[PDB]
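Residue numbers (the UniProt record's numbering), protein chains in the order written: chain A, 36 to 318; chain B, 398 to 418, 425 to 463, 470 to 539; chain C, 11 to 137; chain D, 93 to 273; chain E, 2 to 233, 238 to 245.
The C-beta atom is built at its ideal place from N, Cα and C for all residues, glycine as well.
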Amino acid sequence: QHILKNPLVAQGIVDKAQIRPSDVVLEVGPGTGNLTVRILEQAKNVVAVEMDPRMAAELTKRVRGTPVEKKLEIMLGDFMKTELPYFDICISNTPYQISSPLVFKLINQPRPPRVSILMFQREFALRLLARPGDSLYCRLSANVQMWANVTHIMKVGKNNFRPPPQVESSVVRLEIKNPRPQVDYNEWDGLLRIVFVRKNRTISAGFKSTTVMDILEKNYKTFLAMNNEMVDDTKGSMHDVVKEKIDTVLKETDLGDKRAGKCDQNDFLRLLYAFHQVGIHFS
Amino acid sequence: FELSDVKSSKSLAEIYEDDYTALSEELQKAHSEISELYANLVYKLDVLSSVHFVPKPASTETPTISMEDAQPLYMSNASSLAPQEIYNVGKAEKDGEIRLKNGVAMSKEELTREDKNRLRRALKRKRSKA
Amino acid sequence: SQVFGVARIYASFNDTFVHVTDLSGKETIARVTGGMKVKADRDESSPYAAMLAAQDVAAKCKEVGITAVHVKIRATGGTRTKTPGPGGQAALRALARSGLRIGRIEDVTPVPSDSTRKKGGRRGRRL
Amino acid sequence: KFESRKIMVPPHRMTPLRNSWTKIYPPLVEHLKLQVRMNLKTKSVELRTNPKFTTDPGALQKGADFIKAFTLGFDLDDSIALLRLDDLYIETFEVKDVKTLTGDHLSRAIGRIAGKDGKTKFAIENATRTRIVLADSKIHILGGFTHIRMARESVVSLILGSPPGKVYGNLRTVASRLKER
Amino acid sequence: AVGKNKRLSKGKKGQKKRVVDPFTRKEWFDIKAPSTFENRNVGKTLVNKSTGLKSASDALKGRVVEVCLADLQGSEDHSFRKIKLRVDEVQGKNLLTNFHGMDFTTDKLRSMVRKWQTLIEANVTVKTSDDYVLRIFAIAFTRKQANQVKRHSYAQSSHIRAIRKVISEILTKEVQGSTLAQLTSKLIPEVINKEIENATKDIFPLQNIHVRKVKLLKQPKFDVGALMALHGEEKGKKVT
RNA sequence: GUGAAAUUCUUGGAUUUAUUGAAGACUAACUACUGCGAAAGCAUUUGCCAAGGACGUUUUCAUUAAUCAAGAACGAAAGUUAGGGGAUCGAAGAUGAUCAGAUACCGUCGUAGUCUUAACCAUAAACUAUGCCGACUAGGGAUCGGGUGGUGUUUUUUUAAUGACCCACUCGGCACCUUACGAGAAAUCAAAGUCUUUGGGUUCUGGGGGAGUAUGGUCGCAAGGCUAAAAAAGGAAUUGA
RNA sequence: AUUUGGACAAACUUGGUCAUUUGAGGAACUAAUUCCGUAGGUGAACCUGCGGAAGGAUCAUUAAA
């Protein structure tokens, strides 16, 4: 693993976590437990999750003897397949490979928390901070900028770890938008995949690919089948007649000749509304 | 261990014949060499620091005779072995029996309840001391 | 006098086929596989697999009555490796010890004149 | 019922064949009972077994593999070991069968396999109890099956570019566990 | 794997019982070579059944056997050469065969190719007087002289192109003047490479000149009379 | 199919054998311290179209030249737009196994791409990490192209080519081996040399690393604007009292 | 097709019934590699696709009969 070597950046994490004494905190990756004893001093309830039984025994032996062990709780096992209770603050120091699905689970969590202080790679932090018009704008960037508001906190050097890793790290803050904007996550996901299979081409060409037209043909066909009407007959392929349909929606929207790396959230919302109005559903 | 980047001085047939055939022989020969050198050194030092005449210690196949025999040569090895070291007593094999060090054997079924209790208490205080 | 069959020995990299056909390759007398002789998944590419394979194939071939065999070994060919493996050499030794009259040995490995890309990538296929 | 095999010899390995021929035919004629001719007009060696003088059937194939190993360029005592045992195998593969390399990089790859004065090569030899021969591109490994497998793993990692220090550490680890077993 | 820990798949749900008795219902047929070769009788092949005389006829008409000229002619010095024949007519457990193609062996080709000489390849297509559209590949290596002190013996591209011209003309002329049986009789005792060498002794001194490959490409109208003639009638036994 | 298995597909018989047919790529070994091109680059045959080096020349004009901003041409791979077919491999992506060990972290399918036409894009460790033109200063053999001479062997002879090897000389290349009466911090350098301090002609350029700090010198980016919880041996214990 | 009267009457509510299984007290008993250009990435202590570089450690055999 990797051991943290800066209680001053631990102070920074807590002070920007901005804890209220009525909260419960989901702490992922306690490690040796400096953050654990700090938020045990700060908040009302602490739920520390862990996959490593050796570090879990280390933390419980460091903490056994305090009066705040009545508030401390440690849950062992992988939390991506087990149940996680309600928490108001979420603080995470895990290796980032589980942290990206952690971000998506924390977004899709019922009654989502108020704020989350996470550690990430520098690249991954810039990926979350990627605004439209920037070269790092991607599918995950648009998803997090849709479902939440993210803001950078600080940058951590690779020399501030024992042993030092190869990728520079950062600490970021995620705030889920309450309430959730009532858009279908699956439809938004399908549209984002189709537009971001190549982020600098034209959206018209991204639809001009073949298998995307196969998927949209099957979707519109089953949509018209559950609505119980029939198409008009095509002289060639059904993929080609629904391609003509997407041509119509693209030349009424006038976004078909635009850059996917520059189209922001509002343009995607207008386009998916146009698809929902014409009868196209990506899921 | 450490590998040798030099060419192996034996072929595949030789290394497999070797595997087809004291921790190490070179180590044992090193022990012999250092022991004889130390014997020569202690001989020289006793020559220098002693008062009375001391001779040279020693000089450094076939059926051999050992002249000095550390037994009266009509004492069999089993007769030299003590009756304690060829059969001790221990905890018996079956879990239905307890066998103490004084030779008695007690089944777990023909006992009484207070006897079972005192045996448990004795084993408990023995375990607590250990 | 004797009668000749063609023993095509495909020594794959993780398998071994010992397929005996007649002349012209139309009628197949017998065919086995390394795993099918020895029930594992490591040992489907073993000299022991090849030995059991060639022994039972020589049994079936002598049952039909073919005394002599020309033998055509083969590697996997293609853009992969082009040399017959230890499984193939083991199968050949096992046939010679099983006692079919070996007539003539060939190595018909399909060598691409100018091959396409191979499965690896720019960094290298294995390990 | 006599039975015959033939086997070619390339000229660069025909000079050592003439040079050390007198230590090749005595095991073939004395312990294998195998009549040997050499056609210098076709640059080939012919092994014919006699119907009555020989005993074992596999003797002919063992002798053919013996001459084949010496032809591919192994040392005489090592090919004698191939004759002596019954489960020695020879494996061959190429640098373009691992990763396509273009010229100067291929030269440096063979340089990394060989090592300074054959150090890395003899390290692989002594570790996995095998014999390695590097031709122009084709490489040849002689030994037991699992041994040549592990040697192939180490060589392929060397081709892909693992430095000799790292691959030497892995050699001494696999040699430690192989000595323990 | 037939192990008990081999995880079952869709696979072996419904099998069949091994009762086909295949090498009792199958039948052996002897093939025979054209009269141009010395030892014609070679091997026996397997016909699937005899209920279908149509089946026997069609399978044996499709048969394409392959042999080597050493075993076909008794002289083991033709070890590297190899021919393919195809069977076209049957008569009572005996098959009449004709020529189909030729090849070397890959070990001979690899042993021919060396590292200090140039390789020259001629790749011609023709049609003999028997209307067999054919394709002939030949190779030739640029050897070094008896006085050569240079290491390599490379030929200039002009000499290469000139030798391709000469070899192409030689092959086309001889195999257009000849017929297919006459072509096989020319092809056996290596006379065509001798002619190529005798012609190109003045352009550049060569070695290992060989007609590497013959490939049939079209086949003319059938003639069982011509087959019987180039190979070299039968009554019953009054069953009752 | 991997180190190990598993998704996958196989009685309507897979993998394999034989005979073929189609498709689009690619041009193995031969392959060299060889060649061509201004560089990137260039390998099947044959034909066509133009172009070029070097040699040879008792041909021809007679300073027409060197270095040079602006601008122009060309510029690997990836990448964009619009067409084409799309076999192979395959950023993204979807999945199988997540088994200890990563010593020995993959497998299956596949969008874009790869390929081709027409236009953009103009960048690389695009390297001999070294402006160009001219001149002079060491020897040694090679190898490619051209030429001259001689000598034989292979060759062939009123037929359409008279080439191959040898040796000597010779230009012009790709390079190499020894060394400098030279240079230098030294590695090294036939140029990074041209007798101690300096002039053959000419375009461009200059006056180390991390750290700590101030920023008006500058470019960018944010959030919320109804929403709240209140001390424990009152232990441990198949190990105790 | 439809219709009359009975009995069986599934199933459901409201329960009554007995039967059989299934929360923490007390009360017992037993047992004890480095990089460059480019393109891209959501199980991202980095990875991948394409083309390049060494600024990355060369042993053995090799004229002819």
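key: Inter-residue Cα distance where the pair is B:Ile-474 and B:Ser-452   = 36 Å
message = Looking at the secondary structure, which residues open and close the beta strand (DSSP E) in which A:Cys-125 lies?
response = 124-127
message = Against chain D, does E:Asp-59 count as a neighbour if the rule is that its beta carbon must be under 8 Å from one of theirs?
response = no
ask   = Based on the DSSP secondary-structure assignment, which residues constitute the bridge partners of E:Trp-29?
value = E:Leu-47
Separation of D:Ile-159 from D:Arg-140, as counted between CA atoms = 13 Å
inquiry  = Give me the chain D residues within the contact set of B:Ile-412, using Cβ-Cβ distance strictly less than 8 Å, ordered along the chain.
reply    = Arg-221
message = Let's see if you can read the secondary structure: which residues bound the alpha helix (DSSP H) around A:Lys-193?
response = Neither: A:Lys-193 is in no alpha helix (DSSP H) and is coded neither H nor E.
task = Run through the segment 135-170 of chain D for me and flag every whole beta strand (DSSP E) of 3 or more residues, listed as ranges in chain order.
result = 136-141
ask   = Which word fits A:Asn-213, buried or exposed, when buried means at least 16 other C-beta atoms lie within 10 angstroms of its C-beta?
value = exposed
message = Residues of the segment 107-126 of chain E in Cβ contact with chain D at a cutoff of 8 Å, in chain order, please.
response = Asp-108 and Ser-112
ask   = Would B:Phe-398 count as contacting chain D if we go by Cβ distances under 8 Å?
value = yes
request  = Could you tell me which chain C residues have their CB closer than 7 Å to the CB of E:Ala-139, listed as they occur along the chain?
outcome  = Going along chain C, no residue has its Cβ under 7 Å from E:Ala-139, so there is no contact; the nearest lies around 17 Å.
task = To the nearest angstrom, report how far apart A:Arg-166 and C:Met-46 are at their CA atoms.
result = 59 Å
inquiry  = Buried or exposed, going by whether 16 or more other CB atoms sit within 10 Å of the CB of A:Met-248?
reply    = buried
ask   = Can you pull the DSSP bridge partners for D:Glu-186?
value = D:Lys-230
key: E:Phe-138 - containing alpha helix (DSSP H), residue span   = E:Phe-138 -> not in any alpha helix (DSSP H); beta strand (DSSP E) instead, spanning 134-142.
ask   = Which residue comes first and which comes last in the beta strand (DSSP E) that contains C:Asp-117?
value = 111-117
task = Return the residue from the list E:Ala-34, E:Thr-25, E:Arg-64 and E:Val-3 that minimises the CA-CA distance to C:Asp-53.
result = E:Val-3
request  = Check whether the Cβ atoms of A:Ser-135 and A:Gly-64 sit closer than 8 Å, and answer yes or no.
outcome  = no
Span of the beta strand (DSSP E), counted from its first residue to its last, around E:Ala-156 = No beta strand (DSSP E) contains E:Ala-156, which DSSP labels as neither H nor E.
query = Are there 16 or more other CB atoms within 10 angstroms of the CB of residue 190 of chain C, so buried, or fewer, so exposed?
reply = This structure cannot settle anything about residue 190 of chain C, because the visible part of chain C is limited to 11 through 137.
inquiry  = Using the Cβ count rule (16 or more neighbours within 10 Å means buried), how would you classify A:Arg-215?
reply    = exposed
query = Taking E:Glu-239 as the reference, which of E:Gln-92, E:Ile-171, E:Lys-174 and E:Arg-19 has the closest Cα?
reply = E:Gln-92
request  = State the Cα-Cα distance for the pair D:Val-101 and C:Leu-33, rounded to the nearest angstrom.
outcome  = 30 Å
inquiry  = DSSP has A:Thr-237 in a bridge; who is on the other side?
reply    = A:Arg-294
request  = Could you tell me which residues DSSP pairs with E:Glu-122 in its beta bridges?
outcome  = E:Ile-140
query = Does E:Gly-12 have its Cβ less than 8 Å from a Cβ in chain C?
reply = no
task = Could you name the residues of the same chain whose beta carbon sits closer than 8 Å to that of E:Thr-98, not counting the 5 residues immediately before and after it, in chain order?
result = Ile-32, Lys-33, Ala-34, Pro-35, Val-66, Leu-86, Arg-87, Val-88 and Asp-89
ask   = Is there contact between the segment 204-215 of chain D and the segment 151-169 of chain D, where contact requires at least three CB pairs shorter than 8 Å?
value = no
message = By DSSP's criteria, A:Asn-184 is part of a beta bridge. Which residues make up the other side?
response = A:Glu-210
query = Who are the neighbours of D:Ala-215 on chain B, taking C-beta pairs under 9 Å?
reply = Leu-400, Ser-401 and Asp-402
ask   = For a contact meaning CB atoms closer than 8 Å, what does D:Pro-102 contact in chain E?
value = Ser-112
inquiry  = For a cutoff of 8 Å on Cβ pairs, would you count C:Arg-114 as touching chain E?
reply    = yes
query = According to DSSP, is C:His-29 helix, strand or coil?
reply = strand
message = Tell me which residues share the same chain as E:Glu-28 and place their Cβ nearer than 6 Å to its Cβ, disregarding the 5 neighbours each side in the sequence.
response = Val-48 and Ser-51
task = Would you mind sorting D:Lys-191 into buried or exposed? The rule is 16 or more other CB atoms within 10 Å of its CB.
result = buried
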